[PDB]
Amino acid sequence: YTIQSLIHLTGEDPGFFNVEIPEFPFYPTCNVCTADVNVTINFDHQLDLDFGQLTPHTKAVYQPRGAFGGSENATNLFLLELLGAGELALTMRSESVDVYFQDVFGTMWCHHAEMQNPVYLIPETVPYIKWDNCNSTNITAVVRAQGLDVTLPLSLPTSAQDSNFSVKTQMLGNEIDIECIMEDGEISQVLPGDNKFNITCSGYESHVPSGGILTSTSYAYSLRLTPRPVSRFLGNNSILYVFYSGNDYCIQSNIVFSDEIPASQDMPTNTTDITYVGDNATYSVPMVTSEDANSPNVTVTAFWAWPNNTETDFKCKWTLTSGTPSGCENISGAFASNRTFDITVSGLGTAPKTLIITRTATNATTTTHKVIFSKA
Amino acid sequence: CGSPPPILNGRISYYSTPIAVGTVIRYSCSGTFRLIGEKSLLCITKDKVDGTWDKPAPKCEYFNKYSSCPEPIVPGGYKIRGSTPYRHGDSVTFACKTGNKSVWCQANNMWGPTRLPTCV
Ligand SMILES: *[C@@H]1O[C@H](CO)[C@@H](O)[C@H](O)[C@H]1NC(C)=O
């Protein structure tokens, strides 16, 4: 399905970046979650790719990248390629990306996430630099999912009173050149702690906000940098450096990204519920807010609960622009005068049906109305 | 190349203790003062082992506090890592399909340590 997005480069210009795409349809199958992925990445002509990766919620960092545009620099370096709720990063080598598919479960292909960064990047093979005058605390900068998270102690409490604190930092590794900066003026000890200074962190827009907090105490303080743009092109044993000035002292720590599976990737559920006494239970699908009263396409894919097998009598029909309304499933779907579908189940049953419907109208947010039928 | 040229309250990074070797060093900002100038530093080798560093030491001071500066452009110049908004000592990068490839924004505005570079 088509969900356009706009992205602008921020801070410095690292070659690698993460383009979050939680917008495409995703279903809470809780069992078999096959998902065919096809990606197109433009550059400059357009070096279209043929990225293909079919991983359920069992392998979150797979990166099969059989290309067709030539020997491109890199694509979808996977360290958190699935980590998060629907987050599918597309990392490159340290650009008007047009993703095309997440799951099949029927016949509809589209996606989009436009980035205004350079179409073709530049190699950024950083020479090994150690910063001799930087005390290496060798703390473990574990990159949980994609966003970095550290609690390293700050540089020094030199001239704490009326200090134009600046926390400009940078992370280095396997040919990655990304440096963080601290925006919004110059923080000077506001409140006892949790200064919440916004961090540009370079990289990309970082839809989830990224910033560090200067947890001052009394006189030893700390620092809690949270730069989100951290991806797989880092080395397995790489080093980041933090430069905190006052009134310039640096600290070095070891960064190791983890390739693991997240808590969940499915789209957030509306968790709607209905109650029935008659087995011919029908549920009215609420109108999605982001879509007006008229739209050229809208689908109500009725999926069962805990499907141990592959797809079964589950209808993804009832679309607009001359769409087939005769659901091949065991169930039957209907609607009303207003565009609110009334979906009837295949006789339901004594057990809760817990059927899942993801009504994704065009240019509207996907609302997976996971409804758990309850008897009397 | 002997000894690196120091900057104002900045950083010199790592070079060990070489006998005129000093392969790679990096210069960082002074913190509250943004770095206005190319940060890289590699010791080029002349006919003799002893030589000079590739680039002069960049200045590390304020750049118009938080005020902005004119967009630096040249017909043979792109805007890599550059955008309409500006703050303090932010820089851009230049290139062309057919000169230097860097310029900053200082307090004097319209440039940083050096003027907006031209191109062939
Ligand atoms: C809304 O959807 C239409 C296609 O129906 C698209 O052309 C337009 O760019 C979209 N606008 C926004 C803000 O999503």
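Residues numbered from 1 in each chain as written, not as in the entry; some residues may be left out. Chains lettered and ligands numbered in written order. Heavy atoms only, no water. Residues with missing side-chain atoms left out of burial classes, pairs and counts.

In its metadata, the entry names cryo-EM as the structure determination method and reports 3.29 Å as the resolution.

Some thoughts on the pattern of salt bridges
Side chains that differ in charge, positive against negative, can pair when their charged atoms come close. Across the pair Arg228 of chain A and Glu20 of chain A runs a salt bridge, and its minimum N-O distance is 3.6 Å. A salt bridge links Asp149 of chain A to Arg224 of chain A, with the shortest nitrogen-to-oxygen separation between them at 2.4 Å. (Salt bridge = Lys/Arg side-chain N within 4 Å of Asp/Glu carboxyl O.)

Quick notes on the domain arrangement of chain B
Interface size is commonly expressed as the accessible surface area that is lost when the partners come together. Residue and element names in this part refer to chain B. Each assigned domain of chain B is listed here: domain 1 (1–61) and domain 2 (63–120). Centre-to-centre, using C-alpha coordinates, domain 1 lies 22 Å away from domain 2. Contacts between domain 1 and domain 2 engage 9 residues on the former and 8 residues on the latter. Here the residues of the side of domain 1 that touches domain 2 are counted per class, giving 3 nonpolar, 2 polar and 4 charged. (Domains from an automatic or database assignment. Contact = heavy atoms within 4.5 Å. Nonpolar A, V, L, I, M, F, W, Y, C, P; charged D, E, K, R; others polar.)

Looking at the packing of aromatic side chains
One pair of aromatic rings is described through two measures. These are the centre distance and the angle between the planes. Residues and elements named next belong to chain A. Considering the side-chain rings of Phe17 and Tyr204, the 4.4 Å spacing of their centres and the 5° angle between planes classify their relative orientation as stacked. Where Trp131 meets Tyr241, the ring centres are 6.0 Å apart and the plane angle is 50°; that geometry is what we call tilted. Pairwise contacts between aromatic rings join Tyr27, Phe105 and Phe303 into one cluster. (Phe/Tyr/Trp six-rings, centres within 6.5 Å; stacked < 30°, edge-to-face > 60°.)

Considering the environment of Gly37 of chain B
Examined against the element boundaries, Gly37 of chain B turns out to sit in the loop between β2 (35–36) and β3 (40–42). For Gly37 of chain B, the contacting residues outside a window of four places in its chain are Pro58, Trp104 and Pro113 of chain B. (Helix = DSSP H or I, 4+ residues; strand = E, 2+ residues; numbered from the N terminus.)

Side note on the sheet that holds strand β8 (residues 177–180) of chain A
Residues and elements named next belong to chain A. Strand order in the open sheet formed by 5 strands is β6-β12-β11-β7-β8, and the pairing between neighbours is mixed. At either end of the open sheet lies a strand with only one pairing partner, and these are β6 (134–143) and β8. Sheet twist, expressed as the average angle between the axes of neighbouring strands with direction ignored, equals 25°. Where strand β7 (residues 169–172) and strand β11 (residues 238–244) come together, 4 bridges link them in antiparallel fashion. Each bridged residue has a counterpart across the sheet, and for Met171 the counterpart in β11 is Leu240. (Pairing = 2+ DSSP bridges. Axes fitted to C-alpha atoms, helices over the stretch in contact; angles between N-to-C directions.)

Things to note about the state of the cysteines
Residues and elements named next belong to chain B. Each disulfide pairs two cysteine sulfurs, and for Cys1 the partner residue is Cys43, the sulfurs being separated by 2.0 Å. Because the torsion about its S-S bond is 80°, the bridge between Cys1 and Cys43 counts as right-handed. In this pair, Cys1 sits in the segment before β1 (24–26) while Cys43 sits in the loop between β3 and β4 (59–60), placing the two residues 42 residues apart along the sequence. (Disulfide = S-S within 2.5 Å.)

Observations regarding the sheet that holds strand β19 (residues 367–370) of chain A
Residues and elements named next belong to chain A. Read across the open sheet, the 3 strands follow the order β15-β18-β19; overall the sheet is antiparallel. In the strand order of this sheet, the two ends are held by β15 (300–303) and β19, each with one partner. Strand-to-strand twist in this sheet, taken as the mean axis angle between neighbours without regard to direction, amounts to 20°.

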